[PDB]
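Here's a solo chain for you in structure tokens, the form solved without its partner chain.
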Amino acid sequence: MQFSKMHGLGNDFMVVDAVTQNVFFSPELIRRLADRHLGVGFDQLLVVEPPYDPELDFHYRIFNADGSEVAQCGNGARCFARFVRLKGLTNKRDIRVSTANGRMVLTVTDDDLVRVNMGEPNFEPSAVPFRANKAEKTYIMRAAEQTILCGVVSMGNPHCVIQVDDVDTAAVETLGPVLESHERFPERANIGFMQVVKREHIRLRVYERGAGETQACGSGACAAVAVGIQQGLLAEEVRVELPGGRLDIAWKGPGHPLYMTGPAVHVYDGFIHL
């Protein structure tokens, strides 16, 4: 089985062409392949399939390291788009794909970045889910003794975004866990710590739901920019610097989808025995 190893800002994938190859997985096999010493070594497996539909170019599925299928992953989307172009499975700039989260068009740019339509940010508390009276630009939250001002938004997953003076001194290790499982977040939240450098440039650290600080959370980058836009702090195109590198977010506000442009690195190609 031919595969490619890729990463989107350090979130790493085994990617497989199941369009031109017969490719068979079981949950146990995926677990073995994910193992960094005994296998290929990856966070997620992305399998590329034919569309079975004349209005689609591909289908793709993503499996986690435990061998179960995953719903939305836009690091996934970027690796997918570059993979099908690098492997010659398509030559299209605008790639139509179906996924477990529905249908999408991905655009591969001239500088080999991939632009993802992440949908319209939903600020409605019930959609997050977030306990509040109603939607507000800024909420006051208590995190034990500390008073926190934040914005809260759903990108399909829940985000709490806090402005900080300096991401490097932000109390991520202490405030992150307290907010991630705060009583006001029935399904927990990703906690973003956002430093506004210019209206066009933020630095960001994200304490991810059930994971703690990660190198790059693309959905947190979208959420921080959506919140910062709504709060009057940010322009409509914003450079986001995460620990793993750069994303560029574009959003014209309510009534519009938010776009996330980011890299996908191709590390090596392999063939596995089996």
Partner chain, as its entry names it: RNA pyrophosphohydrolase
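Numbering follows the first chain given and starts at 1. Rigid core here is just the name for the largest C-alpha set that superposes within 1.5 Å across the two forms.
Keep in mind that the form deposited with its partner chain bound is not shown, yet the notes after this line are about it.
- Here the chain stands by itself, but in the deposited complex one stretch of 202 to 210, 224 to 232, 50 to 58, 64 to 72, 50 to 58, has heavy atoms within 4.5 Å of its partner chain.
- When you look in the deposited complex, the only residue of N101, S181, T138, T90 with a non-hydrogen atom within 4.5 Å of its partner chain is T90.
- Interface membership of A18, defined by any non-hydrogen atom within 4.5 Å of its partner chain in the deposited complex, is confirmed.
- Compared between this form and the one not shown on the core, the listed residues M194, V116, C73, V84 keep their C-alpha shifts below 2 Å, save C73.
- Taking the rigid core as fixed, one finds a CA shift for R31 of 2 Å or more between this form and the one not shown.
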